[PDB]
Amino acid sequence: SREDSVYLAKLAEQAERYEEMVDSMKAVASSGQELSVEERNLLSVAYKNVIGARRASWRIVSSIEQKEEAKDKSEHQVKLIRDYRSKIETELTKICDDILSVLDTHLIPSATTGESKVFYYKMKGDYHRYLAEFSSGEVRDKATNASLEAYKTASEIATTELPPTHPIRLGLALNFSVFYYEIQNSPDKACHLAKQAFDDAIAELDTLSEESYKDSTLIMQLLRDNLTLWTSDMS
């Protein structure tokens, strides 16, 4: 049953077991049916918490590598950290490949609404961005361009099909502005995108209902927080 797999994903989220939450939601997304707003959000939460733990682990092991890579040890010990980091990077890769495979084969082709189209292309940009984080050389550029075009596609649909105050559109602008700053190293693009999205939303904020207001203003503060910190780093 579909509503059973969705319910199990809820329990898995409460129990904070996100590997099972993914399995449940992946099964739902693997069906031809278009996901509801709740199932859409559950699927995203599932994969973000799964990819989040590995990313967090990766940064730590990378820091340990970099720290011990200065005089603290040599070769074989550093070798252990690198092989352990690579194991995580392999784990990160298959998680990204998994959701992207679901996105390309299932979600994106089956999306009727422009709201879900922006959402799915945003995710596509996100996990290609995660790939570009630990990647190096030519395989990093591939993930960078894949993330860029996925973000661009979502942006063209969001601008046309969605109001500036829409959570998915604001969230897309948040993540894409991050992509510009963190990955492509383009502070001008990043600041312009985050500020523009923030400004377009401000005007219509008073036209939003309560639940829409909370969702929108949450991301808008994140947009402001990024603009704040980016300003500090440039100084």
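Counting begins at 1, following the sequence as shown.
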With B-factors read from the PDB entry, the higher C-alpha mean of 179 to 187 and 62 to 70 is in 62 to 70
Comparing 76 to 84 with 108 to 116, the higher average Cα temperature factor in the PDB entry belongs to 76 to 84
Based on the PDB entry, the highest CA temperature factor among the options 133, 156, 126, 98 is that of 133
From 197, 35, 168, 53, the top C-alpha temperature factor is at 35
Chain thirds by Cα B factor, record data; residue 209 belongs to the highest
Entry-reported C-alpha B-factor of residue 216 relative to its chain, by third, is lowest
Residue 102: CA temperature factor from the record, placed by chain third, in the middle
Residue 148: CA temperature factor from the record, placed by chain third, in the middle
On the chain's distribution of Cα B-factors, residue 138 falls within the third called highest
